>>> print(open('upload_8.pdb').read())   # PDB, C-alpha atoms and all ligand atoms
ATOM      1  CA  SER A   5      13.559 -21.295  40.519
ATOM      2  CA  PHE A   6      10.353 -21.006  38.316
ATOM      3  CA  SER A   7      10.974 -20.450  34.591
ATOM      4  CA  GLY A   8       8.891 -19.713  31.493
ATOM      5  CA  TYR A   9       6.049 -18.038  33.395
ATOM      6  CA  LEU A  10       4.045 -15.162  32.006
ATOM      7  CA  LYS A  11       3.615 -12.347  34.577
ATOM      8  CA  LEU A  12      -0.078 -11.445  35.020
ATOM      9  CA  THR A  13       0.189  -9.088  38.012
ATOM     10  CA  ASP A  14       2.758  -7.955  40.716
ATOM     11  CA  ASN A  15       2.445 -11.434  42.328
ATOM     12  CA  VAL A  16       0.605 -13.811  39.943
ATOM     13  CA  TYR A  17       2.416 -15.790  37.225
ATOM     14  CA  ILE A  18       1.074 -18.396  34.796
ATOM     15  CA  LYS A  19       2.471 -21.181  32.607
ATOM     16  CA  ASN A  20       1.038 -23.937  30.409
ATOM     17  CA  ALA A  21       2.506 -26.878  32.338
ATOM     18  CA  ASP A  22       1.714 -30.128  34.064
ATOM     19  CA  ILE A  23       1.910 -29.222  37.774
ATOM     20  CA  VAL A  24       3.362 -32.699  38.544
ATOM     21  CA  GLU A  25       6.234 -32.133  36.076
ATOM     22  CA  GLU A  26       6.621 -28.530  37.272
ATOM     23  CA  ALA A  27       6.831 -29.754  40.916
ATOM     24  CA  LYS A  28       9.345 -32.544  40.070
ATOM     25  CA  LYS A  29      11.512 -29.926  38.240
ATOM     26  CA  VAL A  30      11.349 -26.983  40.689
ATOM     27  CA  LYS A  31      10.809 -28.848  43.994
ATOM     28  CA  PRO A  32       8.983 -25.692  45.331
ATOM     29  CA  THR A  33       8.587 -25.061  49.060
ATOM     30  CA  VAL A  34       4.797 -25.427  48.547
ATOM     31  CA  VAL A  35       2.787 -27.213  45.918
ATOM     32  CA  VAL A  36      -0.986 -26.661  46.127
ATOM     33  CA  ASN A  37      -3.282 -29.630  45.691
ATOM     34  CA  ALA A  38      -6.867 -29.235  44.398
ATOM     35  CA  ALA A  39      -8.195 -31.323  47.262
ATOM     36  CA  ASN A  40     -11.661 -32.418  48.372
ATOM     37  CA  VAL A  41     -12.770 -32.383  52.064
ATOM     38  CA  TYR A  42     -11.947 -36.080  52.474
ATOM     39  CA  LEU A  43      -8.456 -35.758  50.940
ATOM     40  CA  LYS A  44      -9.449 -38.576  48.533
ATOM     41  CA  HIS A  45      -7.011 -37.903  45.681
ATOM     42  CA  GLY A  46      -8.799 -39.790  42.917
ATOM     43  CA  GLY A  47      -8.720 -37.611  39.834
ATOM     44  CA  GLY A  48      -7.706 -34.273  38.337
ATOM     45  CA  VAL A  49      -4.705 -32.529  39.919
ATOM     46  CA  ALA A  50      -5.133 -34.535  43.180
ATOM     47  CA  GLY A  51      -5.013 -37.901  41.435
ATOM     48  CA  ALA A  52      -1.989 -36.832  39.388
ATOM     49  CA  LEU A  53      -0.045 -35.443  42.397
ATOM     50  CA  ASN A  54      -0.916 -38.533  44.462
ATOM     51  CA  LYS A  55       0.147 -40.937  41.678
ATOM     52  CA  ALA A  56       3.513 -39.060  41.436
ATOM     53  CA  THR A  57       4.069 -39.748  45.183
ATOM     54  CA  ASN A  58       3.472 -43.533  44.586
ATOM     55  CA  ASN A  59       0.302 -43.139  46.789
ATOM     56  CA  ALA A  60       2.329 -41.816  49.783
ATOM     57  CA  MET A  61       0.209 -38.628  49.643
ATOM     58  CA  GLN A  62      -3.001 -40.726  50.025
ATOM     59  CA  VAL A  63      -1.579 -42.813  52.924
ATOM     60  CA  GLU A  64      -0.549 -39.638  54.766
ATOM     61  CA  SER A  65      -3.935 -38.029  53.957
ATOM     62  CA  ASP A  66      -5.959 -40.976  55.284
ATOM     63  CA  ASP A  67      -4.047 -40.792  58.598
ATOM     64  CA  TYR A  68      -4.726 -36.997  58.691
ATOM     65  CA  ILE A  69      -8.475 -37.562  58.109
ATOM     66  CA  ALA A  70      -8.627 -40.407  60.658
ATOM     67  CA  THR A  71      -7.188 -37.992  63.274
ATOM     68  CA  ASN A  72      -8.807 -34.681  62.294
ATOM     69  CA  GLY A  73     -11.944 -35.379  60.290
ATOM     70  CA  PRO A  74     -12.702 -33.749  56.964
ATOM     71  CA  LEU A  75     -11.611 -30.279  55.901
ATOM     72  CA  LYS A  76     -14.177 -27.523  55.275
ATOM     73  CA  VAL A  77     -14.939 -26.422  51.669
ATOM     74  CA  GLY A  78     -12.752 -23.266  51.407
ATOM     75  CA  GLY A  79     -10.290 -24.693  53.938
ATOM     76  CA  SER A  80      -6.850 -26.226  53.797
ATOM     77  CA  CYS A  81      -4.215 -28.247  55.560
ATOM     78  CA  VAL A  82      -0.430 -28.437  55.207
ATOM     79  CA  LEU A  83       0.943 -31.915  54.717
ATOM     80  CA  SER A  84       4.227 -33.284  53.264
ATOM     81  CA  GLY A  85       5.098 -32.512  49.666
ATOM     82  CA  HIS A  86       6.741 -35.973  49.402
ATOM     83  CA  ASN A  87       8.971 -36.101  46.242
ATOM     84  CA  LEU A  88       7.235 -33.020  44.734
ATOM     85  CA  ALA A  89       7.718 -30.178  47.202
ATOM     86  CA  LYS A  90       8.732 -29.466  50.843
ATOM     87  CA  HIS A  91       4.984 -29.141  51.659
ATOM     88  CA  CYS A  92       1.691 -29.741  49.991
ATOM     89  CA  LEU A  93      -1.030 -27.245  50.794
ATOM     90  CA  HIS A  94      -4.262 -29.176  50.257
ATOM     91  CA  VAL A  95      -6.860 -26.564  49.414
ATOM     92  CA  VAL A  96     -10.550 -27.312  49.009
ATOM     93  CA  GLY A  97     -12.209 -25.160  46.395
ATOM     94  CA  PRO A  98     -16.002 -25.477  45.913
ATOM     95  CA  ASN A  99     -16.930 -28.300  43.521
ATOM     96  CA  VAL A 100     -19.850 -26.834  41.547
ATOM     97  CA  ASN A 101     -20.451 -30.385  40.036
ATOM     98  CA  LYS A 102     -21.234 -31.471  43.680
ATOM     99  CA  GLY A 103     -23.490 -28.332  44.080
ATOM    100  CA  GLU A 104     -21.130 -26.343  46.345
ATOM    101  CA  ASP A 105     -21.181 -22.547  46.901
ATOM    102  CA  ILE A 106     -18.942 -20.860  44.235
ATOM    103  CA  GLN A 107     -18.630 -17.861  46.647
ATOM    104  CA  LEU A 108     -16.307 -20.161  48.743
ATOM    105  CA  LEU A 109     -13.635 -19.863  46.014
ATOM    106  CA  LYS A 110     -12.347 -16.586  47.525
ATOM    107  CA  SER A 111     -12.066 -18.266  50.960
ATOM    108  CA  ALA A 112     -10.167 -21.155  49.313
ATOM    109  CA  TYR A 113      -7.653 -18.759  47.676
ATOM    110  CA  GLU A 114      -7.138 -16.935  51.009
ATOM    111  CA  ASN A 115      -5.284 -20.032  52.222
ATOM    112  CA  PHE A 116      -2.503 -19.175  49.725
ATOM    113  CA  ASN A 117      -1.738 -15.949  51.685
ATOM    114  CA  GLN A 118      -0.200 -18.005  54.507
ATOM    115  CA  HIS A 119       2.706 -18.983  52.172
ATOM    116  CA  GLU A 120       5.241 -16.570  50.614
ATOM    117  CA  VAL A 121       5.511 -18.526  47.359
ATOM    118  CA  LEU A 122       3.446 -21.368  45.894
ATOM    119  CA  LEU A 123       3.180 -23.552  42.805
ATOM    120  CA  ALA A 124      -0.581 -24.000  42.251
ATOM    121  CA  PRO A 125      -3.390 -25.035  39.970
ATOM    122  CA  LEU A 126      -6.507 -22.870  39.339
ATOM    123  CA  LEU A 127      -8.852 -23.746  42.215
ATOM    124  CA  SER A 128     -12.273 -25.222  41.374
ATOM    125  CA  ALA A 129     -11.269 -25.472  37.671
ATOM    126  CA  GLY A 130     -11.235 -28.758  35.673
ATOM    127  CA  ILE A 131     -13.272 -31.554  37.191
ATOM    128  CA  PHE A 132     -14.432 -29.171  39.987
ATOM    129  CA  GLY A 133     -16.672 -27.513  37.373
ATOM    130  CA  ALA A 134     -16.099 -23.797  37.887
ATOM    131  CA  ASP A 135     -15.250 -21.350  35.098
ATOM    132  CA  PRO A 136     -11.418 -21.176  35.020
ATOM    133  CA  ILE A 137     -11.564 -17.525  33.827
ATOM    134  CA  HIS A 138     -13.545 -16.739  37.028
ATOM    135  CA  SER A 139     -11.014 -18.772  39.111
ATOM    136  CA  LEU A 140      -8.057 -16.772  37.723
ATOM    137  CA  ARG A 141      -9.876 -13.489  38.469
ATOM    138  CA  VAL A 142     -10.565 -14.593  42.080
ATOM    139  CA  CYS A 143      -6.918 -15.714  42.379
ATOM    140  CA  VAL A 144      -5.498 -12.329  41.240
ATOM    141  CA  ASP A 145      -7.986 -10.382  43.416
ATOM    142  CA  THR A 146      -7.401 -12.548  46.554
ATOM    143  CA  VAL A 147      -3.836 -13.867  46.636
ATOM    144  CA  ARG A 148      -1.187 -11.332  47.715
ATOM    145  CA  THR A 149       1.718 -13.811  47.987
ATOM    146  CA  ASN A 150       3.707 -15.054  44.949
ATOM    147  CA  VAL A 151       1.634 -17.672  43.086
ATOM    148  CA  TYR A 152       2.924 -19.598  40.060
ATOM    149  CA  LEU A 153      -0.066 -21.077  38.310
ATOM    150  CA  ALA A 154       0.372 -24.223  36.248
ATOM    151  CA  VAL A 155      -2.463 -24.697  33.657
ATOM    152  CA  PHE A 156      -2.283 -28.171  32.106
ATOM    153  CA  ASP A 157      -4.548 -27.574  29.116
ATOM    154  CA  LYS A 158      -2.778 -25.469  26.320
ATOM    155  CA  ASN A 159      -6.069 -24.296  24.815
ATOM    156  CA  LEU A 160      -7.342 -23.198  28.253
ATOM    157  CA  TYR A 161      -3.987 -21.493  29.005
ATOM    158  CA  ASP A 162      -4.274 -19.489  25.737
ATOM    159  CA  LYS A 163      -7.884 -18.541  26.515
ATOM    160  CA  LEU A 164      -6.928 -17.457  30.075
ATOM    161  CA  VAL A 165      -4.027 -15.264  28.893
ATOM    162  CA  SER A 166      -5.890 -13.747  25.912
ATOM    163  CA  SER A 167      -8.947 -12.873  28.057
ATOM    164  CA  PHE A 168      -7.072 -11.569  31.146
ATOM    165  CA  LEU A 169      -8.101  -8.111  32.227
TER     166      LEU A 169
HETATM  167  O1  LIG B 201      -5.361 -32.197  35.862
HETATM  168  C1  LIG B 201      -4.160 -31.964  35.748
HETATM  169  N1  LIG B 201      -3.267 -33.005  35.611
HETATM  170  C2  LIG B 201      -1.931 -32.811  35.559
HETATM  171  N2  LIG B 201      -1.364 -31.658  35.629
HETATM  172  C3  LIG B 201      -2.170 -30.524  35.770
HETATM  173  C4  LIG B 201      -1.589 -29.253  35.828
HETATM  174  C5  LIG B 201      -2.370 -28.151  36.026
HETATM  175  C6  LIG B 201      -3.775 -28.240  36.046
HETATM  176  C7  LIG B 201      -4.386 -29.463  35.944
HETATM  177  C8  LIG B 201      -3.581 -30.629  35.833
END
>>> encode(input="upload_8.pdb", output="structure tokens")
Amino acid sequence: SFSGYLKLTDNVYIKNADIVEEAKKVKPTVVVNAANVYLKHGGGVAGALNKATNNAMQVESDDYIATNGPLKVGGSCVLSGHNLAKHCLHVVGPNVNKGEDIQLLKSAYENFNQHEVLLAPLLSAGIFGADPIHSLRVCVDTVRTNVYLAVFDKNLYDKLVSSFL
């Protein structure tokens, strides 16, 4: 199971880790991807997870989009986890660098409540432009299921833990 996580609340745990390496090690039932509405896994967590699947995540995603159209900002879809997890829950947090409503971050985290346990990144953090401290607060106040957060950046991880209310 998950190891080396710091317990933040009854159900939220956090670790300074590369989510790709964490997924390859644990092989969780669900790994969360920081997706965009088109499931175009170019950079950030999405690009890293997709590269770990040898682009199989992108091929599967393009077929999903061709059939279903784009996701909504705040929405999600369950696809294969390939070599990383049983499933990948592609969740679209608002990208404030693309001018999207930051209030949609709570709706994005609500998708996590459909899964008993997840390995996840902080939604809308990193290249999505939101304040990661705000993302962690929305996560703890929205997610009721067991969420194991992987924060890649050590300096950000330390700031998140030291500022956690
Ligand atoms: O951008 C990232 N690349 C690789 N691993 C991560 C783990 C957690 C959060 C962000 C990342």
>>> resolve_selection(input="upload_8.pdb", expression="the PyMOL selection byres (((chain A and resi 111-119) around 7) and not hetatm)", output="short mmCIF file (atom, residue, chain, number, x, y, z; two decimals) with C-alpha atoms, keeping the file's coordinate frame")
data_model
loop_
_atom_site.label_atom_id
_atom_site.label_comp_id
_atom_site.auth_asym_id
_atom_site.auth_seq_id
_atom_site.Cartn_x
_atom_site.Cartn_y
_atom_site.Cartn_z
CA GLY A 78 -12.75 -23.27 51.41
CA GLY A 79 -10.29 -24.69 53.94
CA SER A 80 -6.85 -26.23 53.80
CA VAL A 95 -6.86 -26.56 49.41
CA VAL A 96 -10.55 -27.31 49.01
CA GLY A 97 -12.21 -25.16 46.40
CA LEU A 108 -16.31 -20.16 48.74
CA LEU A 109 -13.64 -19.86 46.01
CA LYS A 110 -12.35 -16.59 47.52
CA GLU A 120 5.24 -16.57 50.61
CA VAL A 121 5.51 -18.53 47.36
CA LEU A 122 3.45 -21.37 45.89
CA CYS A 143 -6.92 -15.71 42.38
CA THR A 146 -7.40 -12.55 46.55
CA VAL A 147 -3.84 -13.87 46.64
CA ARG A 148 -1.19 -11.33 47.72
CA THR A 149 1.72 -13.81 47.99
#
>>> residues_near_ligand(input="upload_8.pdb", ligand="ligand LIG 201 (chain B)", cutoff="10 Å", atoms="all atoms listed in the file", output="ChimeraX atom specification")
/A:19-27,37-38,47-53,123-127,129-131,153-157,160-161
>>> write_last_selection(input="upload_8.pdb", atoms="C-alpha atoms", output="mmCIF file, in the frame of the given file")
data_model
loop_
_atom_site.group_PDB
_atom_site.id
_atom_site.type_symbol
_atom_site.label_atom_id
_atom_site.label_comp_id
_atom_site.auth_asym_id
_atom_site.auth_seq_id
_atom_site.Cartn_x
_atom_site.Cartn_y
_atom_site.Cartn_z
ATOM 1 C CA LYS A 19 2.471 -21.181 32.607
ATOM 2 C CA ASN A 20 1.038 -23.937 30.409
ATOM 3 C CA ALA A 21 2.506 -26.878 32.338
ATOM 4 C CA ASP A 22 1.714 -30.128 34.064
ATOM 5 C CA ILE A 23 1.910 -29.222 37.774
ATOM 6 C CA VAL A 24 3.362 -32.699 38.544
ATOM 7 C CA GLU A 25 6.234 -32.133 36.076
ATOM 8 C CA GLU A 26 6.621 -28.530 37.272
ATOM 9 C CA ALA A 27 6.831 -29.754 40.916
ATOM 10 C CA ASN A 37 -3.282 -29.630 45.691
ATOM 11 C CA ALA A 38 -6.867 -29.235 44.398
ATOM 12 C CA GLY A 47 -8.720 -37.611 39.834
ATOM 13 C CA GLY A 48 -7.706 -34.273 38.337
ATOM 14 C CA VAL A 49 -4.705 -32.529 39.919
ATOM 15 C CA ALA A 50 -5.133 -34.535 43.180
ATOM 16 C CA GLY A 51 -5.013 -37.901 41.435
ATOM 17 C CA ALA A 52 -1.989 -36.832 39.388
ATOM 18 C CA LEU A 53 -0.045 -35.443 42.397
ATOM 19 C CA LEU A 123 3.180 -23.552 42.805
ATOM 20 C CA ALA A 124 -0.581 -24.000 42.251
ATOM 21 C CA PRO A 125 -3.390 -25.035 39.970
ATOM 22 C CA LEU A 126 -6.507 -22.870 39.339
ATOM 23 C CA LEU A 127 -8.852 -23.746 42.215
ATOM 24 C CA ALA A 129 -11.269 -25.472 37.671
ATOM 25 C CA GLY A 130 -11.235 -28.758 35.673
ATOM 26 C CA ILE A 131 -13.272 -31.554 37.191
ATOM 27 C CA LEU A 153 -0.066 -21.077 38.310
ATOM 28 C CA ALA A 154 0.372 -24.223 36.248
ATOM 29 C CA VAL A 155 -2.463 -24.697 33.657
ATOM 30 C CA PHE A 156 -2.283 -28.171 32.106
ATOM 31 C CA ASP A 157 -4.548 -27.574 29.116
ATOM 32 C CA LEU A 160 -7.342 -23.198 28.253
ATOM 33 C CA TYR A 161 -3.987 -21.493 29.005
#
>>> resolve_selection(input="upload_8.pdb", expression="the PyMOL selection byres (((chain A and resi 34) around 6) and not hetatm)", output="ChimeraX atom specification")
/A:32-33,35,89,91-92,122
>>> write_last_selection(input="upload_8.pdb", atoms="C-alpha atoms", output="PDB file, in the coordinates of the input")
ATOM      1  CA  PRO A  32       8.983 -25.692  45.331  1.00  0.00           C
ATOM      2  CA  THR A  33       8.587 -25.061  49.060  1.00  0.00           C
ATOM      3  CA  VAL A  35       2.787 -27.213  45.918  1.00  0.00           C
ATOM      4  CA  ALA A  89       7.718 -30.178  47.202  1.00  0.00           C
ATOM      5  CA  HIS A  91       4.984 -29.141  51.659  1.00  0.00           C
ATOM      6  CA  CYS A  92       1.691 -29.741  49.991  1.00  0.00           C
ATOM      7  CA  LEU A 122       3.446 -21.368  45.894  1.00  0.00           C
TER       8      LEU A 122
END
>>> atom_distance(input="upload_8.pdb", atom1="CA of residue 85 (chain A)", atom2="CA of residue 98 (chain A)")
22.6 Å
>>> axis_aligned_box(input="upload_8.pdb", around="region 22-38 of chain A", padding_each_side="6 Å", output="JSON")
{"center_x": 2.3, "center_y": -28.9, "center_z": 41.6, "size_x": 30.4, "size_y": 19.6, "size_z": 27.0}
>>> atom_distance(input="upload_8.pdb", atom1="CA of residue 7 (chain A)", atom2="CA of residue 30 (chain A)")
8.9 Å
>>> atom_distance(input="upload_8.pdb", atom1="CA of residue 64 (chain A)", atom2="CA of residue 133 (chain A)")
26.6 Å
>>> closest_residue(input="upload_8.pdb", among="A:151, A:43, A:81, A:93", to="residue 66 (chain A)", atoms="only C-alpha atoms")
A:43
>>> resolve_selection(input="upload_8.pdb", expression="the PyMOL selection byres (((chain A and resi 167) around 12) and not hetatm)", output="ChimeraX atom specification")
/A:12,136-138,140-141,160-166,168-169
>>> write_last_selection(input="upload_8.pdb", atoms="C-alpha atoms", output="short mmCIF file (atom, residue, chain, number, x, y, z; two decimals), in the frame of the given file")
data_model
loop_
_atom_site.label_atom_id
_atom_site.label_comp_id
_atom_site.auth_asym_id
_atom_site.auth_seq_id
_atom_site.Cartn_x
_atom_site.Cartn_y
_atom_site.Cartn_z
CA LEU A 12 -0.08 -11.44 35.02
CA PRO A 136 -11.42 -21.18 35.02
CA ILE A 137 -11.56 -17.52 33.83
CA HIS A 138 -13.54 -16.74 37.03
CA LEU A 140 -8.06 -16.77 37.72
CA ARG A 141 -9.88 -13.49 38.47
CA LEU A 160 -7.34 -23.20 28.25
CA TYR A 161 -3.99 -21.49 29.00
CA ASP A 162 -4.27 -19.49 25.74
CA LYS A 163 -7.88 -18.54 26.52
CA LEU A 164 -6.93 -17.46 30.08
CA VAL A 165 -4.03 -15.26 28.89
CA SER A 166 -5.89 -13.75 25.91
CA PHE A 168 -7.07 -11.57 31.15
CA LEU A 169 -8.10 -8.11 32.23
#
>>> closest_residue(input="upload_8.pdb", among="A:152, A:55, A:39, A:106", to="residue 74 (chain A)", atoms="all atoms listed in the file")
A:39
